[PDB]
Ligand SMILES: CCCCCCCCCCCCCCCC(=O)O
């Protein structure tokens, strides 16, 4: 649901 | 031990945020002097010099300003994500919980740190190269004139606390590491991480501000004030989304606001 955040977190 | 945790968090803050309070104060005191935006003429001049691509073709001034607001927020969320990953303990968390903590914490942290580029007359923008006046923002048509004034009001009282970057970095870490966010999976572990950071903040304020014996509870209250400020801001952003077709919302910010409050 938060794909940009999840990407940023990696 | 805890002095070292405080220093690690301060170093992570200095590395990851493009603006800090020392940098801002050097600029606000008076190379690369800030261009003052106080009226429509100077807004359009500043746009041509500082965001040229945005005006090379145009939509109302208020919608262009709001686009620049969101671009700034997108950049600060990216900085906050890196800062968070450098917070001792954050990266051991479940990735789902990392997302949740950032989702609810970034705008509280944004408005806390915005105080560092604000004074009673205006605020620094565009990586320190513009200064937009508070009165000009008040002059915009509704609803856009209602975005920034509550943030200036928060900032004037926050800045009267006379925090420095070593305090603010711990305050921002405490904002992020908050165990009562909705939807957390491992509440107990997050509460223990929060207790650790808040303990470091408490000890740091005792050392760095021996003159203000209530500074730690003042800052706990500012955290609660920020949560309310963000709830209200999100409500305004929803009004803008629904009634202002030209004011598209950036996808990272849509993801953050969606199901937030
Ligand atoms: C010529 C550039 C003008 C830019 C003036 C506006 C920059 C303001 C930056 C702080 C914005 C804080 C409000 C955030 C809004 C949001 O993301 O929901």
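So for chain B, numbering is Swiss-Prot's, and the shown residues are 202-231, 235-261, 265-468, in order.
According to its header, the structure was obtained by X-ray crystallography, 1.5 Å.
Cβ coordinates come from backbone N, Cα and C, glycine included.
As given in Swiss-Prot:
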- B:280, B:314, B:464: indeglitazar binding site (BINDING)
- B:304-433: region 'Required for heterodimerization with RXRA' (REGION)
- B:433: site 'Essential for heterodimerization with RXRA' (SITE)
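On the structure: features taken from Swiss-Prot.
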{"residue": "B:280", "record": "indeglitazar binding site", "Cβ neighbours (10 Å)": "18"}
{"residue": "B:314", "record": "indeglitazar binding site", "Cβ neighbours (10 Å)": "26"}
{"residue": "B:433", "record": "site 'Essential for heterodimerization with RXRA'", "Cβ neighbours (10 Å)": "21"}
{"residue": "B:464", "record": "indeglitazar binding site", "Cβ neighbours (10 Å)": "18"}
For this session: Fill in the CA-CA distance, residue B:314 (indeglitazar binding site) to residue B:433 (site 'Essential for heterodimerization with RXRA'), as an integer in Å.
Result: 8
Exercise. Taking the centroid of the Cβ atoms of B:280, B:314, B:464 as the indeglitazar site, which other residues of that chain lie with their Cβ within 8 Å of it, listed in sequence order?
Worked result: B:284, B:313, B:317, B:437, B:440, B:441, B:444, B:460, B:463
Problem set entry | Annotated recorded positions B:280, B:314, B:433, B:464, filtered by Cβ under 6 Å to ligand 1 | B:280
Problem set entry | Cα-to-Cα gap, residue B:280 (indeglitazar binding site) vs residue B:433 (site 'Essential for heterodimerization with RXRA'), nearest whole Å | 16
Exercise. Measuring Cα to Cα, how many angstrom lie between residue B:464 (indeglitazar binding site) and residue B:433 (site 'Essential for heterodimerization with RXRA')?
Worked result: 15
Exercise. Within the region 'Required for heterodimerization with RXRA' (B:304-433), how many residues are helix, strand or coil going by DSSP?
Worked result: 87 helix, 10 strand, 33 coil
